[PDB]
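J.: Model the structure of this input:
(2 chains, ligands or ions: 2)
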2 protein chains.
Amino acid sequence: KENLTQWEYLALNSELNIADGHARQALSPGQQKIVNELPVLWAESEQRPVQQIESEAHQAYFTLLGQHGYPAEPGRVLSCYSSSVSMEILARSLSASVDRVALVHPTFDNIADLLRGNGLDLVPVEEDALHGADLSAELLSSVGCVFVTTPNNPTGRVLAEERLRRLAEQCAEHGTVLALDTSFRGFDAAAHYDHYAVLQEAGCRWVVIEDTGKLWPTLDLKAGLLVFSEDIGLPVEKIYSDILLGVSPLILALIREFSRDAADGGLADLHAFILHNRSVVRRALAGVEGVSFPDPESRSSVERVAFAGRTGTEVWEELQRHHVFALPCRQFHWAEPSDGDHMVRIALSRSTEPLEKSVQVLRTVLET
Amino acid sequence: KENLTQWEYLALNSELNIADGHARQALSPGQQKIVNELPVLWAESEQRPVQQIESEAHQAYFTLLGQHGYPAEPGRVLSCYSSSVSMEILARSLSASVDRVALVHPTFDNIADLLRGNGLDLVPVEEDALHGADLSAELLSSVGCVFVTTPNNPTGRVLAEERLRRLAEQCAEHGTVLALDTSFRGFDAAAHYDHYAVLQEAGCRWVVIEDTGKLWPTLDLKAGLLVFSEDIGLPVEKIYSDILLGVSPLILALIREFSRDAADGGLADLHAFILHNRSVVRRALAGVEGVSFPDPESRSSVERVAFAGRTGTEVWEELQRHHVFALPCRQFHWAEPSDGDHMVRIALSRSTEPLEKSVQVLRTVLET
Ligand SMILES: Cc1ncc(COP(=O)(O)O)c(/C=N/[C@@H](CCCNC(=N)N)C(=O)O)c1O
Ligand SMILES: Cc1ncc(COP(=O)(O)O)c(/C=N/[C@@H](CCCNC(=N)N)C(=O)O)c1O
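T.: Numbers count the residues shown, from 1 in each chain, chains lettered A, B, ... in the order given. Ligands and ions are numbered 1, 2, ... in the order given. Next up is the structure itself:
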C-alpha cells in the first residue's frame, strides 16, 4: 500500500508471484554447479583474506559488463548488503551538504523515498527531457545532485553514452554530483559501454551504485557496490563504516563465481531467456483491445503493460482473486502517481511456465 | 580513526585479529554438517514460501534464548540484513518525533553514531545509574527514547528483570520509547528471562533489536531482528520497507539450523568455549603489574582489559608493531572518550590458538 515494496510483500509466498523484480527463475546447470560447491566456497572464505575475494568479485563483475575503468584501488568500491543500503548511505551522505536532487521520473520508488526520508527535496526529470536535451542551467544551479537510474526501472530506458557524457560535463560545470543506479546494467548491452571512463574523463563528482541482485537467482544473496569519485566530497565512507564492517566473503565468492559463469555464456543465455519471457507476455496480450506495451524496446527483466478503461489497481485486484500477484505502477511515478494509473508491471525473471499461467490469467481478466 | 569500525578495518585481513566482535572461531562438527548441506538448504529455500522459513527461524532463535513471549504474528519481527541496518531504521524512525535519546554509556559506538547521524541528541546514562536506581523524572521527561544495550558491549553487564520492568514502567508513564539492543543475548543466561513478557506487561512503547551475528561463525551470514510494540507509533515498518523486501531465505534457513544445533547442546558448548577463552586471557595476564579486569562476571564474547600506566591506545600501537590488532576503548565512551583511554577490548570469538598467540604478545608488552 504505502510503496511498491508493500505491494510486493503480498506476492512473496504465492506461486504466481510476478511482482517483485528479483530473479526467481530456475538455476542453469552451470549455476547449480556453483551451488553444489558452496561448502568448498565456505572453506575458501574461511581461509583467504576477504580483500582478495572481494577484489576478485569486483573484477569479475565489472569486467563482465564492460566497466573496465572502474577504480580497483581498495576501497573505492564499497560492498554493501544491498543496493538499497548503498542508496541509504548515499542519501544520508547527500543530506550533509545538498538540499535538492533532480531525479529521473518514473523510477523505482524507494530511490525517491530514501532520498526524501533523509530530508532531500526532489525535482522530477521526465525521461524525454533527460535523454533528449541538456538539462537547464536553472535546474543544475538549484540542485546538488542529478540521479539517474539506467537502465531505468520500470522503463528499461538506457542513458546513451553521448548523453551520459554531456550530463557529466554539465554536472562538472556546476559542481553538482552525478549519481547513477545501474542495478539493471547486466540486462542490456546498450548499458555496457564503459561508464567510468566517461565519468572520469568528464571530471564531475560522481557516485555509481551497482547491484548484483536482479540478475541471477541467488536467493537474494547479493551486494550493492557503491562506487564514488575521489573528489566526491560527501561522507559516504564514514557513513558506510557506521553501518557495516563489510559483507560476507561467501557472498563475494558467489558473486565471483556467478560472474565467471556469466562471462562463459551465462549472460547471453540470460538475455535470450528474458527475451523469450518478454515475447511470452506480449504474445499472450496479443490483440487484446485496449492493451499496449509502453516500452517496446525494453530489455529489462520487468515489463510494463498498459490498458484503457481500467486502473492498474483494479487489474491487480482482479488478478489477485486468481492468486496472481503483479504490481500497480502508480508509485513508480513518485512525483505524479496518476501518471501510472493505467499500468501494471510484470516480473520476467521467472520460470516461463508460472509466468505463462499468470499472463493467461491476465488475458482472461483483460477481457471482462 | 573516525570510529571503532575504522579501527576494525585495519585488522580485517590479519592473522592475529582480536579486534571486531564477530564470530571467527572454527565451526563445530554439528555446524560444519549444516554447512555441508547448504545445497539442500538452497533447494528448500527455492521450494518453500519464505514466510514459513522465517517463522521457523524466528521461533527457533527466540525459544533458544528464553524469549517465548515474542510477537509471532507475521510482520511483527522484521528480518534485516544486520542489526546495524535495524539500528539505522530505528534511528531514522525516531528522528521525526524525538530530539533526544538517553543512551547507556559506554556502549558500542555505531549505536551513538547512527543516532547522531540521524539528527538525534544523546544523553549518556552511566551503567551504575542505569542498573542501580530508577531514572530521574527530569531525565525521562526530557528524552523521547531510552536505549539500553543488554548484555552491554563492551562491559557484558546484563539488565536484570526487575530493573527492566521498572524501566519499562517508567518509560510508559512518561510516554517514552524504550529500545533494547540484545545482540549479545545468546552469551549470557542472565539475559534469557522473557524480555517480551515484561515489556508487554509494562505497556510502554518498545523496540528490541535482536541479532544472530555475534553467536556463530557464519561468515557474517546473519540477520538483525527488529521487533516492535503494536503501539510503537514510529515509522519502523515503512522505513524497513523502503530499505528491503526481506532477507535471503537461505540465511533464514541457516539461522534456523544453527539455532537448532544450539538447542541440541551447541549453546552450552559455546558458553564453555567462550569461558575457556576468557580464562585463557585472564590467566595469561593474572600477574602482570597494573593489569585488572573491570567486568569479572561478564560472559560476553568481548573482554575488557584495564591497565595503569599507559593508554589503551599506546598499548594498541605496541601490539600493532607485533601484528596483533585489538581495539582502544576510548570510543566506547561516546560521551567522554577519556573515560576509556586506560583500557583495550579483546575479541574472544576466536580459535584458541590465535587468541593464545595474541594474548601472549600482550602479556609480553605489558611486562616490558
Ligand atoms: C533500480 C533499482 N535500484 C535499486 C534497487 C534495490 O534493490 P534491493 O531490493 O536493495 O536488492 C532496486 C530494486 N527494485 C525491486 C524491489 C526491491 C525490493 N524493495 C526494496 N528494496 N525497498 C523491484 O523493482 O521489484 C531497483 O529496481
Ligand atoms: C551491541 C551491538 N549491536 C549491534 C552491532 C552491529 O552489528 P553488525 O556489524 O551490524 O553485525 C554491534 C557490533 N559489534 C561488533 C562489530 C562492529 C562492526 N561495525 C559496524 N557494524 N558498523 C563489534 O563490537 O566489534 C554491537 O556490538
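J.: bridging residues for the residue in the stretch 251-368 of chain A that ligand 1 sits nearest to?
T.: Residue nearest to ligand 1 within the stretch 251-368 of chain A (Cβ to the nearest ligand atom): residue A:302, separated by 6.1 Å. Where C-beta positions appear, they are placed from N, C-alpha and C, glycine not excepted. Residue A:302 has these beta-bridge partners by DSSP bridges: residue A:347.
J.: so who does it touch?
T.: Each residue near residue A:302 by Cβ atoms under 8 Å, 6 or more residues apart in numbering or on different chains is listed here: A:21, A:153, A:154, A:156, A:345, A:346, A:347, A:348.
J.: ditto for residue A:194
T.: A:66, A:67, A:68, A:69.
J.: Residue A:175 - nearest residue in space that isn't next to it in sequence?
T.: Leaving out its chain neighbours, the residue that sits closest to residue A:175 by Cβ to Cβ, 6 or more residues apart in numbering or on different chains is residue A:205, at 7.2 Å.
J.: Please report how far the residue of the stretch 251-368 of chain A closest to ligand 1 lies from ligand 2.
T.: Look at residue A:302 and ligand 2: by Cβ to the nearest ligand atom, to the nearest Å, they are 31 Å apart.
J.: And for residue A:272?
T.: 40 Å.
J.: Kindly confirm my reading that that residue forms part of a helix.
T.: Yes: per DSSP: H, G, I helix; E, B strand; the rest coil, residue A:272 lies within a helix segment.
J.: How many residues are close by it?
T.: Counted with other Cβ atoms under 10 Å in any protein chain shown, the neighbours of residue A:272 add up to 10.
J.: Tell me how far it lies from residue A:62.
T.: Distance, residue A:272 to residue A:62, by Cβ to Cβ, to the nearest Å: 23 Å.
J.: residues from the stretch 1-150 of chain A in reach of chain B?
T.: A:2-3, A:5-6, A:8-9, A:12-13, A:20, A:22, A:35-36, A:38-39, A:42, A:45-46, A:49-51, A:81-82, A:84-85, A:88, A:92, A:110, A:113-114, A:117-118 (Cβ under 8 Å from any Cβ of the partner chain).
J.: got the buried residues for the strand or helix carrying residue A:167?
T.: Following DSSP states H and E, the helix or strand that holds residue A:167 is helix A:161-174. Within helix A:161-174, the residues that count as buried by 16 or more other Cβ atoms under 10 Å in any protein chain shown are A:163, A:164, A:165, A:166, A:167, A:168, A:169, A:170, A:171, A:172, A:174.
J.: and the most centrally placed residue in chain A, how far is that from residue A:149?
T.: Nearest to the geometric centre of chain A sits residue A:183, at 3.2 Å (Cα atoms, centre = their mean). For residue A:183, the distance to residue A:149 equals 7 Å [Cβ to Cβ].
J.: same deal with residue A:168?
T.: Here the criterion is Cβ to Cβ. By it, residue A:168 lies 16 Å from residue A:149.
J.: what does residue A:268 give?
T.: 24 Å.
J.: do residue A:66 as well
T.: Per Cβ to Cβ, residue A:66 is found 18 Å from residue A:149.
J.: Looking at the two, which is more packed in?
T.: residue A:149 (23 against 16).
J.: What residue spans form the domains of chain A?
T.: Listed domain ranges for chain A are A:1-24+A:265-368, A:25-264 (source: curated CATH domains).
J.: out of the ones you listed, deepest packed?
T.: Highest mean neighbour count among these (mean count of other Cβ atoms under 10 Å in any protein chain shown): domain A:25-264, with a mean of 20.
J.: Just checking that one against ligand 1, any contact.
T.: Yes: using Cβ under 6 Å from any ligand atom, domain A:25-264 reaches ligand 1 at A:82, A:83, A:84, A:108, A:110, A:149, A:153, A:181, A:183, A:211, A:213, A:222.
J.: hmm, back to that, out of the residues of the stretch 1-150 of chain A next to chain B, name the ones that lie in helices.
T.: Members of these lying in helices (criterion: DSSP state H): A:5-6, A:8-9, A:35-36, A:38-39, A:42, A:45-46, A:50-51, A:84-85, A:88, A:92, A:110, A:113-114, A:117.
J.: Who are the contact partners of residue A:110?
T.: Per Cβ under 8 Å, 6+ apart, neighbours of residue A:110: A:3, A:4, A:5, A:84, A:87, B:242, B:243.
J.: what about dumping the CA coordinates of stretch A:7-22 to CSV?
T.: Output of stretch A:7-22 as CSV, limited to C-alpha atoms (Å, rounded to 0.1, in the frame of the first residue of the first chain):
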residue,chain,number,x,y,z
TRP,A,7,2.6,-4.4,-2.8
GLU,A,8,5.5,-6.9,-3.2
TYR,A,9,5.1,-8.3,0.3
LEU,A,10,1.7,-9.6,-0.7
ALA,A,11,3.2,-11.8,-3.5
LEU,A,12,6.1,-13.3,-1.6
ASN,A,13,4.5,-16.6,-0.7
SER,A,14,2.5,-17.3,-3.8
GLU,A,15,3.5,-19.5,-6.7
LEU,A,16,2.2,-16.9,-9.2
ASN,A,17,4.3,-14.0,-7.9
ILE,A,18,5.0,-11.8,-10.9
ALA,A,19,5.5,-8.8,-8.7
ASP,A,20,9.0,-8.1,-7.3
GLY,A,21,11.8,-7.8,-9.9
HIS,A,22,14.1,-10.2,-8.1
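J.: which residues does the residue lying closest to residue A:41 once chain neighbours are set aside contact?
T.: Once flanking residues are discounted, residue A:41 sits nearest to residue A:253: 4.7 Å by Cβ to Cβ, 6+ apart. Remark: with contacts taken as Cβ under 8 Å, 6+ apart, residue A:253 is in contact with A:41, A:44, A:45, A:53, A:57.
J.: Same check on residue A:56?
T.: By Cβ under 8 Å, 6+ apart, residue A:56 lies in contact with A:252, A:256.
J.: swap the cut-off to 6 Å and go again
T.: Contacts here follow Cβ atoms under 6 Å, 6 or more residues apart in numbering or on different chains; on that basis residue A:56 touches residue A:256.
J.: any idea which helix or strand carries it?
T.: Short version, using DSSP H and E: residue A:56 is in helix A:50-64.
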